[PDB]
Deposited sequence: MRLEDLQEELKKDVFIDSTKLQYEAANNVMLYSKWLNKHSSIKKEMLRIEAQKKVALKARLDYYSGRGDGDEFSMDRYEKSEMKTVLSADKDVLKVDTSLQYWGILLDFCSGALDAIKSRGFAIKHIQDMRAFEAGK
């Protein structure tokens, strides 16, 4: 369901400043997760296209919406990894 993914990513992209080392590490796990989501959706869409090749239902278009969202999520997380690096650089800079 679209809103579930929206909510899940919203939780995922948050960065806990107090635990930056964990967050840097966990970011790769997040990437794996959304890569799996993204990947599975492609499989579902393929199955529909295989079944269609048998010859009202907006299914395929709906999966497409999820697929694009997961693309955005993958982008967001890749971006998140960078933010963590940026934050550490700023911390280092602010010190002597």
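Student: Would you list the gaps, meaning deposited-sequence stretches without C-alpha coordinates, in the order they occur?
Tutor: Unmodelled stretches: 1, 57-95, 137.
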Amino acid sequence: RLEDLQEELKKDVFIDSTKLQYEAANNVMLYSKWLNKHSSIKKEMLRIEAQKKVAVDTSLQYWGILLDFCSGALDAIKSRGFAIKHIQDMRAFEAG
From here on, numbers count along this sequence of modelled residues.
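Student: Mean CA temperature factor from the deposited coordinates, higher in 70-78 or in 15-23?
Tutor: Higher mean C-alpha B-factor in the PDB entry: 15-23.
Student: Taking the recorded C-alpha temperature factors, which stretch has the higher mean, 27-35 or 46-54?
Tutor: On average, C-alpha B-factors are higher across 46-54.
Student: Which third, lowest, middle or highest, does the C-alpha temperature factor of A92 belong to within its own chain?
Tutor: Ranked within chain, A92 CA B lands in the highest tercile.
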